[PDB]
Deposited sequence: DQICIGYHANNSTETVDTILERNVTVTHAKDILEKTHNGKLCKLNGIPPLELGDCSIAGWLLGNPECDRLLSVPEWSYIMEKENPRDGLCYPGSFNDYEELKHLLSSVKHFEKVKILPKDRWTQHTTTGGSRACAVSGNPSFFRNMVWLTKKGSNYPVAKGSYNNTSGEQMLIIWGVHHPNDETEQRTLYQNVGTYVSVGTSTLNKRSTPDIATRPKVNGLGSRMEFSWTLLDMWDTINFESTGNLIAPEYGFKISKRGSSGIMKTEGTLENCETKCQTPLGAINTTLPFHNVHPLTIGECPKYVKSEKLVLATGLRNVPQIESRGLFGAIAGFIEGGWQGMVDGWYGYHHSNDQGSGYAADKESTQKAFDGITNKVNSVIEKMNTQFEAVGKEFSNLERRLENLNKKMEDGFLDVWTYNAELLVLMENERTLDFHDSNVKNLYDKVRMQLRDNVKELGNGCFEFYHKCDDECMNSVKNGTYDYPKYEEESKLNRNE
């Protein structure tokens, strides 16, 4: 009559890494790193994004003629742009504080276009100017949301305009200044030389003067256009004055909603799906705390690490080999209803079992460990992407250094944490088996023989009931004391 204590084995292949051993085969393991995506650009929280196509933000806001499908645009979750868009400023020039404008646009999610200065109010100036830089069907055209003011007859009277913000929210306004190529152009389009453009609000004051010089030809023109923007607050007034070289606004963009968004630089197209975290390669649907798909993500996404394998050991070491011996010689492939268990070989029968209390305690501990590792990582909505000009390289280097510093910190911490936790779990399982063996030995005392292969041989004739008794935890030592003593001495 023998009783043996052991653990459980299977046909698993997955391997984990500990701080002392590498490539250790375990029974059950949990992957806490996500490596897959759907490869498609989908909606964020059920709202389709804004697809600029071949247009740029400046071209969309200014009203580039090759972007007329973007005039009235619905609700958006984020903006999709190309790395090198083709349809931007049709007329060669520049845009002041472009990056700040893009950063502001990353938190809007809806604009409403309001006609603040109609084109018919300029009754003392010509408002039908155009250029071949952005022409439609051959005939010259211009930006749709802007007005080019030239001379009427041989006179250019002082141009004045005003607007009071009675719309309901903040309103973005854009204006421009034209830099000619020679004095002949200046006198042909604005009569007099030595002009200025003055813009004034409650908290703004700007005066600009055109620059006339020969420049290299871009899109066939030696002239330029410089654009500036401002934010007008509620119940505030904006004033425009000009003697020449003014590209007036006709529309203003009031902010309808506000929230969290970003700019994704992709060359793909929207397709029908819905997710919660978006990457340029695809979308992520997971509950794990780590991923290694792409550094630039928008939404509520797991932490990004430079790792290829992060596996937490959830089960026992898989020694496949085992008269049936116990935990000294290896694991057991017979018993399948528990982690730690018994095997009895009495006359009534020979069979496996599984201790319930120890297995439940170990299961609770391991599950609590996994939940502590996973559910302690704070996740927040973020748009990890910023844009800097060619004269702000130091700030870009600063941002990059911060990002890589955090990446290395998190990578090192995650790898080391996984290694030590795996070691501790593997030690914990052996400790539990040894504790069960010691408990049985202490409770059951001298009436037996310790075969030393990991299990016990009784001296009396223990029937089934005594086997359940020793498994139960309540074993009557005095009952068999006399009978066991007789055979033990002989």
| note | Note to self, deposited ranges with zero CA coordinates are 323 to 329
